[PDB]
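Down below is the structure, laid out as structure tokens.
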Amino acid sequence: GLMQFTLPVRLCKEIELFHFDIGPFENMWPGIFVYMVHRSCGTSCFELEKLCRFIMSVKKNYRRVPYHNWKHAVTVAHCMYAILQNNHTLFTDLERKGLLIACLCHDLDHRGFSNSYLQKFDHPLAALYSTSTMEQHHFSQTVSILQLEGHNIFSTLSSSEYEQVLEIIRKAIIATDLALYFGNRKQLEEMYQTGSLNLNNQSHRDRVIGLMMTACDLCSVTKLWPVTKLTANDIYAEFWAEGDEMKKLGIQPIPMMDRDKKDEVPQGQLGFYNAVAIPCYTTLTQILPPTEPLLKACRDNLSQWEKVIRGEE
Ligand SMILES: COc1cccc2nc(Cl)c(C)nc12
Ligand SMILES: [Mg+2]
Ligand SMILES: [Zn+2]
């Protein structure tokens, strides 16, 4: 019972920073996640046997796609850990429990295609879930794994607390639908500016948690430039494969997804930082000030993308 997870000195130190990379050793990631859950939640929170059983089942249900894989899950969860550690007096016991799990499960069974491809292909999931197609499937997959024998990590929780944690996980996994981000950030920016933003209001808390979810999901843009540069290849590998699949459906894909337009990537990445990433980290920083290193790191990679266009690399 008195077992504590201990990371090697370098990892132990670096894991507390927003720009930490979990490395290339697959086998260390479950230990990295368990360590994060113990420092963020406590050794008590989950039964180590149930938690490790749940982690392996979640890993098992993540596909071998270039980007939206198991490594993405553990990275998105790490970024959440970094946020929760720099704002620990702001989150409930249940929120700390649910958010690291939601991040771990957020892209469960992701096939590497967007909601648009699912919609255009007429995939069964698009008939089952009209909007936030994959995100509703990811939550559905999270519940399926929680219902497996010996996998209920929230067994100790009351009937009411279990329904609260599951609702935190649901809202958070749906929030990773980038289509919803735009309106959520606009509503949060307005509430913050008119001083009406109250963290005691549950609907306001839901919105802030949604913004934290977009921030972690896009945390690839907040790492040191070599990590960002290499992660962009994986992101575009999926994009180009979906572009190829749109062409198979007889639909010319958007240039972002066209592998014949690889030369337009630095300009498209510049557009992404301006339209999505910088607004996301700016509003997040106004709301939760210790998350400033995410915005700082993001602005540095935006500058690196400008250097790419200018022929500086
Ligand atoms: C055009 O670039 C993009 C489009 C949509 C989502 C994206 N997510 C990430 Cl994290 C990055 C680095 N780029 C994105
Ligand atoms: Mg998503
Ligand atoms: Zn994701």
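Here, A, B, ... name the chains of the structure tokens in the order displayed, residue numbers run from 1 inside each chain, and ligands are numbered from 1 in the same displayed order.
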
message = Please extract the residues of stretch 5-232 of chain A with a backbone DSSP assignment of alpha helix (DSSP H) and present them as a PyMOL selection string.
response = chain A and resi 9-14+29-40+48-60+70-86+93-105+115-121+124-128+133-146+159-175+178-193+202-217+225-232

Who sits within 6 Å of stretch 109-120 of chain A, only C-alpha atoms, same chain under 6 positions skipped, as number ranges by chain = A: 61-62, 126, 133, 238

inquiry  = Show me which residues line ligand 2, defined as having an atom within 8 Å of a ligand atom where only C-alpha atoms and all ligand atoms count, and present them as a count of residues only.
reply    = 10

Hey, which bits of chain A sit within 6 Å of ligand 1, and for each residue what's the closest pair of atoms and how far apart in Å (one decimal), counting only C-alpha atoms and all ligand atoms, rows by chain and increasing number, as a tab-separated table?
residue	atom	partner	partner_atom_place_in_ligand_line	distance
A:218	CA	ligand 1	10 (Cl)	4.0
A:220	CA	ligand 1	10 (Cl)	5.2
A:221	CA	ligand 1	12 (C)	5.6
A:232	CA	ligand 1	12 (C)	5.6
A:268	CA	ligand 1	1 (C)	5.1
A:269	CA	ligand 1	1 (C)	4.9
A:272	CA	ligand 1	1 (C)	5.1

message = Which residues are close to stretch 290-294 of chain A, i.e. within 12 Å by only C-alpha atoms, leaving aside same-chain residues fewer than 4 positions away? Reply as a PyMOL selection string.
response = chain A and resi 16-20+79-88+90+211-212+215-216+218-224+277-286+298-301

Nearby residues (only C-alpha atoms) at most 8 Å from residue A:255, same-chain spacing under 3 positions excluded, as a short mmCIF file (atom, residue, chain, number, x, y, z; two decimals) with N, CA, C and O atoms, in the first residue's frame:
data_model
loop_
_atom_site.label_atom_id
_atom_site.label_comp_id
_atom_site.auth_asym_id
_atom_site.auth_seq_id
_atom_site.Cartn_x
_atom_site.Cartn_y
_atom_site.Cartn_z
N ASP A 258 -4.44 18.09 -48.45
CA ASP A 258 -3.92 17.68 -49.74
C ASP A 258 -2.41 17.45 -49.66
O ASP A 258 -1.67 18.40 -49.36
N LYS A 261 0.01 19.64 -51.82
CA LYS A 261 0.20 21.01 -51.38
C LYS A 261 0.98 21.06 -50.05
O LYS A 261 0.58 21.77 -49.12
N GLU A 264 2.36 24.55 -48.76
CA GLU A 264 1.48 25.49 -48.08
C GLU A 264 1.36 25.25 -46.57
O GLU A 264 0.61 25.98 -45.90
#

task = Write out as a ChimeraX atom specification which residues come within 9 Å of residue A:209 when counting only C-alpha atoms, dropping same-chain ones fewer than 6 positions away.
result = /A:99,168,171-172,175

Those selected residues, please, written with N, CA and C atoms and delivered as an mmCIF file, in the first residue's frame.
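The new file again12.cif reads:
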data_model
loop_
_atom_site.group_PDB
_atom_site.id
_atom_site.type_symbol
_atom_site.label_atom_id
_atom_site.label_comp_id
_atom_site.auth_asym_id
_atom_site.auth_seq_id
_atom_site.Cartn_x
_atom_site.Cartn_y
_atom_site.Cartn_z
ATOM 1 N N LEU A 99 -10.539 14.915 -14.532
ATOM 2 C CA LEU A 99 -9.830 15.558 -15.636
ATOM 3 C C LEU A 99 -8.611 14.784 -16.173
ATOM 4 N N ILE A 168 -18.271 15.187 -15.429
ATOM 5 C CA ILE A 168 -17.090 16.024 -15.661
ATOM 6 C C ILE A 168 -16.363 15.442 -16.891
ATOM 7 N N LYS A 171 -18.528 16.114 -20.303
ATOM 8 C CA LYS A 171 -18.421 17.488 -20.762
ATOM 9 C C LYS A 171 -17.015 17.794 -21.255
ATOM 10 N N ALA A 172 -15.995 17.276 -20.568
ATOM 11 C CA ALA A 172 -14.608 17.527 -20.949
ATOM 12 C C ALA A 172 -14.249 16.863 -22.266
ATOM 13 N N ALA A 175 -15.837 18.753 -25.086
ATOM 14 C CA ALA A 175 -15.140 20.032 -25.256
ATOM 15 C C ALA A 175 -13.944 19.937 -26.205
#
